[PDB]
RNA sequence: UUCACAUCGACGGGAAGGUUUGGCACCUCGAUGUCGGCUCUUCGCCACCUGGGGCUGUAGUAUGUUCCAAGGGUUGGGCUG
RNA sequence: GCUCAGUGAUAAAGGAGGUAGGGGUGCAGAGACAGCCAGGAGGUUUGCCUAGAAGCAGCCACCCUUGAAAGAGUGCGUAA
Ligand SMILES: [Mg+2]
Ligand SMILES: [Mg+2]
Ligand SMILES: [Mg+2]
Ligand SMILES: [Mg+2]
Ligand SMILES: [Mg+2]
Ligand SMILES: [Mg+2]
Ligand SMILES: [Mg+2]
Ligand SMILES: [Mg+2]
Ligand SMILES: [Mg+2]
Ligand SMILES: [Mg+2]
Ligand SMILES: [Mg+2]
Ligand SMILES: [Mg+2]
Ligand SMILES: [Mg+2]
Ligand SMILES: [Mg+2]
Ligand SMILES: [Zn+2]
């Protein structure tokens, strides 16, 4: 639910000036990427696969193995899915800056907080 | 352990439980042990 | 194994099975009965096995009527036989049953022994069935 | 279980066995054999009536016939003695000696009732000492 | 709401100090300190009469199961720090023996090597050289656990009953060789 | 404590009795002649007998019912009972023989009356296929 | 297997 | 031996697979061609061995059957298109 | 309103204290389910069979009595 928001802003779909062929979007900085939450059994079920290109070359991680090993890749991999594919897609993907700690070294760029209009996006335990 | 599609109590002391989604039969005697599958 | 003693033509139309049997519906001979829930074709072999099973499990219980019978012929062409040059050889015989049809009737046991017996009988049938009691 | 009709007839039968009797004897039993139950029932039905009953079953049957002062004897398991024919001491005496044999056999005497008066576990000693009709008359 | 377990209140005896912060319960008794967290739905009430009555925030089937569980859990940590828990296992066989020395429990069960077992702080293990082992601890779960780890090394076999068994056990004894 | 079955006025054969209860430390001749003396006091019949023993090897025994099957076999004048009771009837006895067998068996029963014992004997004869009136 | 699949327009 | 369900499981039923023998004729006809070996892989698991288990009509050794498991292994000859 | 299976992409007989509902029928306030305490008897070791069969290898019968209740016995067990 967060990754959709992120995709919208990175793409520029929330500006009156939006154009499909151009980058009007923002930069988005994701912090605390190891505290991201997922519903139900996904922590142990969801499966990140990647394939060498040799036969028998398939590799699989559960979401949790991944999140202990290199947790940024989880959110990068979830947002890249929702960005356009192709030249503009990739060039867009560089605008997503992800950090595992609660601190980002971007203070100079004066980040605003992200607006979230979704109801269900905030989980409570 | 027997494994089969149809698990029923095979006597009075038998008990059908549900473990991690699969239906099991635990009993006093070992032979009556079954798992669904 | 049940079967007709004579017919003129050997070979016969597959037919089509639609609707409900209204006539074989009632239970008019015994007390407890096994009723067909679904539209199917019963070979004489299956009826044999069902009757046998119910009879052996009832044993000390008395009576079993078989309310059906395999009077419609069925034909088959052999293996490695190219299509054409005539309809094949009648191999076996089926009874056509439609939902609601009574198959087995039974009398001379307590309701429990009857339930168990009829269950074991239903196990050898191609179809879903039901346990019913006399009115 | 037991239907309400059978229980009203049971309480009525206990009440009719109560109107004729001049004395009550309360006794509780837990964990004892049926053989000595049947020896005690070789001795008892000759001279006396023995009826084991529930707490409420005794409650509603006793309040009306004015034995009510005996209500505290109904706490715990309840077996009762009513004397229809023979005297009180002939019925009371065998029970205490049977309890002295029942020391390891788990018997206790809760109390007895006579003269419309309640007598505790010890005070029934007098009720044991009373003589037969031949000596009284 | 209608679990016959959650209705029964827990009695905190004197000697038992109960500290409650929000959903986190820390109890300090004669034998030590035990800490637990409650989940969202379970609300445990510490009375004025000195009792613990378990209530629940909502009733989902979830919370029902929860509250039965936690009333018994915290009864076990209360009674656990008060008196404690004793699990006793005896060993059956020729040459089967155990020796507690310092921080180890040494088992000679008929393996090649002596088996060593590091005893956790919370537990106090007493050995009868008469082939009996009693383990005492404030936490039900940890004592049970360790006891099972003992029993694991050589589970009682069917024929002669040999191996480590709990003090009260039905062991199927088949007649071997007839 | 052991249960044995012995004949009325005969005791101490080697195979049936002596070794069996004698391996429990029971005195053979005392039990034998006391059992034969108590059988001589009552009407002589085959006696199933429960003998109770103690740690000091002293023993006390209770003589049970001489079998109602055997007593009703001699009451009907027959030998072998019916192979199929209530189907084939092998004999008939009077109610006086009922009260007689129930009288000899009265100290060995739990019955509080003579009618209960008589109905018990009638039930045993109806069980072995012997008719009663 | 005694059941077929859905090819082309059927599908 | 007792005991349906250790192991077999008759009379019948419900399936999966797509490796056998087939049916079809959608496919290519111009030079889109079948079975064995050599060399060289690779993958599946319905597991022959090797790792861990449950049940046994498992005393032990060795089995039997079944569960998870496809990482590795799976010889050399006489004989055949 | 429902689902907790990532079901939500496909297949059956069969299995099931999954779960949310609906409908009959049992009991109970002289206390129903579960637990716990006790009792579970007499004929009799039923007859037959068998070296033995005593509730409990097998066959037939399966009544009666004392009773709050207790089957000629549901399973284990003994050569019995
Ligand atoms: Mg229509
Ligand atoms: Mg079927
Ligand atoms: Mg196919
Ligand atoms: Mg089966
Ligand atoms: Mg063509
Ligand atoms: Mg070419
Ligand atoms: Mg496999
Ligand atoms: Mg292996
Ligand atoms: Mg194995
Ligand atoms: Mg062997
Ligand atoms: Mg492998
Ligand atoms: Mg491989
Ligand atoms: Mg391989
Ligand atoms: Mg899916
Ligand atoms: Zn079982």
### Task
Would you check which residues across the stretch E:78-87 are surrounded by 20 or more Cβ atoms within 10 Å (Cβ to Cβ) and within 11 Å of residue E:27 (Cβ to Cβ) and list them?
E:78, E:80, E:81
### Message
If I ask for residues that are loosely packed, with under 15 Cβ neighbours inside 10 Å, touching a strand residue (DSSP E or B) at 6+ places or on another chain (Cβ under 9 Å) and more than 27 Å from residue C:19 (Cα to Cα), which ones from the stretch C:56-76 would you list?
### Response
C:62, C:63
### Message
So for the stretch F:51-61 (the condition being surrounded by fewer than 18 Cβ atoms within 10 Å (Cβ to Cβ), farther than 18 Å from residue F:8 by Cα, more than 14 Å from chain D (Cβ to nearest Cβ) and in contact with a helix residue (DSSP H, G or I) (Cβ under 7 Å, 6 or more places away or on another chain)), does at least one residue qualify?
### Response
no
### Query
From the list F:69, F:82, which residue is in contact (Cβ under 8 Å) with a residue 40 or more places away in the chain, away from every other protein chain (no Cβ under 14 Å), out of contact with any strand residue (DSSP E or B) (no Cβ under 7 Å at 6 or more places or on another chain) and not in a loop (DSSP other than H, G, I, E, B)?
F:69
### From the options E:165, E:151, residue that is part of a helix (DSSP H, G or I), touching a residue at least 60 places away in the same chain (Cβ under 8 Å) and over 23 Å from residue E:31 (Cβ atoms)
E:151
### Query
With C:115, C:128, C:101 as the choices, which residue is within 22 Å of residue C:18 (Cα to Cα) and either within 14 Å of chain B (Cβ to nearest Cβ) or within 14 Å of RNA strand I (Cβ to nearest atom) (or both)?
C:128
## Note on the structure
Subset of the stretch B:10-34, residues away from chain E (no Cβ under 14 Å), within 23 Å of residue E:174 (Cβ to Cβ) and either within 8 Å of the chain's Cα centre (by Cα) or surrounded by 13 or more Cβ atoms within 10 Å (Cβ to Cβ) (or both), comes to B:10, B:14, B:15, B:25, B:26, B:34
#### Entry: The lone exception for residue E:133 - which of (1) surrounded by 16 or more Cβ atoms within 10 Å (Cβ to Cβ); (2) within 14 Å of another protein chain (Cβ to nearest Cβ) it fails
(2)
### Residue list for the stretch A:106-125, filter: out of contact with any helix residue (DSSP H, G or I) (no Cβ under 9 Å at 6 or more places or on another chain) and under 17 Å from residue A:26 (Cα atoms)
A:106, A:107, A:108, A:109, A:110, A:111, A:112, A:113
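Table: residues versus (1) exposed (fewer than 14 other Cβ atoms within 10 Å of the Cβ); (2) farther than 14 Å from residue E:69 by Cβ.
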site: E:2; (1), (2): yes, yes
site: E:9; (1), (2): no, yes
site: E:14; (1), (2): yes, yes
site: E:27; (1), (2): no, yes
site: E:33; (1), (2): yes, yes
site: E:39; (1), (2): no, no
#### Entry: Filtered residues of the stretch A:88-125 (kept if within 14 Å of chain E (Cβ to nearest Cβ) and under 18 Å from residue A:71 (Cα atoms))
none
### Message
Show me the strands (runs of 3 or more DSSP E) entirely contained within the stretch E:1-69 in which 3 or more residues are more than 14 Å from chain A (Cβ to nearest Cβ) and within 15 Å of residue E:79 (Cβ to Cβ).
### Response
E:24-29, E:32-37
### Query
What residue, of E:163, E:95, E:137, is within 16 Å of RNA strand H (Cβ to nearest atom) and either at negative phi or outside the structural domain of residue E:9 (by CATH) (or both)?
E:163
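The values are calculated or read from the model by the stated rules, or taken from the named source; no laboratory read-out is quoted. As a convention, Cβ positions derive from the backbone with ideal geometry for all residues, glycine included, and neighbour counts pool all protein chains shown.
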